[PDB]
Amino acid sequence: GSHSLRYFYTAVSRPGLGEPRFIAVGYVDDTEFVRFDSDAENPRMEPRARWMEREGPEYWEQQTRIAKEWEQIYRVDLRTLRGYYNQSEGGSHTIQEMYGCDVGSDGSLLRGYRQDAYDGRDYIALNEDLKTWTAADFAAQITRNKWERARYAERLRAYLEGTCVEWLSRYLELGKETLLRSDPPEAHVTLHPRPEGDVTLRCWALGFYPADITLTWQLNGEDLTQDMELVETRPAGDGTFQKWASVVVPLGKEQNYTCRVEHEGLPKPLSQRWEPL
């Protein structure tokens, strides 16, 4: 009941070597669909999902331009920010951005946004009202002042409320086969004995999609998350996701712990325990 379209831009300066490398990437939910990289042969916006080789040449030609347009914008921004903080020419620097829209399943825009980071630290961001900006320091304050004068916020807003939402919709259709398809988790539990005398129970969820999932180790029928170790969901490499959750348990109690895996692909949640054989 919620989807989104996001564009991520990045520019990294190359001291003494010419122009910054610039990359633009587009996502529909967590699926990359378009990508631009100035390190390329002939920098062009290219598709990154099968369902994108349908858009016409007019799409690629247009999107490639807007990308190249942004690339020049970031080439100069890098210089401006370097002036703002009085940095020298020997240092490499980064500028990142992320704009997009979240859209309910009833077609309503849930939230629009556009946020910056210079050298990994927040810089300026368009508030949720789509009208005012939040600036991290003075530099981003200089920028905020230019954008209020030019009423820039009003353009992003128009975009986010219209074009962003319309194209998110188009992209859903093009790729419903893969974007709106539920791929369930395979769940199993492993045992790794500790030298402390007790044991670590590990619960793994394999080959699932999307990626939103909840692993919960419970005892006797009650939750246990302030003391449950986790790994960040990792990509399996074939387009699925996987994750593990572990708790330390006392020897002889293994069987009193279950792992609940909740996921869109599962009709009812999974209850998985240790199974020595």
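Heads up: residue numbers just count along the shown sequence, starting at 1.
- Taking the PDB entry as given, 42 to 50 carries the higher mean Cα B factor of the two stretches 42 to 50 and 236 to 244.
- Comparing 95 to 103 with 114 to 122, the stretch with the higher mean C-alpha B-factor in the PDB entry is 114 to 122.
- Listed residues 223, 212, 69, 37 were ranked by CA B-factor as deposited; 223 comes out on top.
- Residue 193 sits in the lowest third of its chain by CA B factor, as recorded in the PDB entry.
- For residue 30, the recorded CA temperature factor ranks within the highest third of the chain's modelled residues.
- Split the chain's modelled residues into thirds by C-alpha temperature factor. Residue 174 is in the highest one.
- When the modelled residues of the chain are ordered by their C-alpha B factor, residue 155 lands in the highest third.
- Residue 17: CA B factor lies in the highest third for its chain, per the PDB record.
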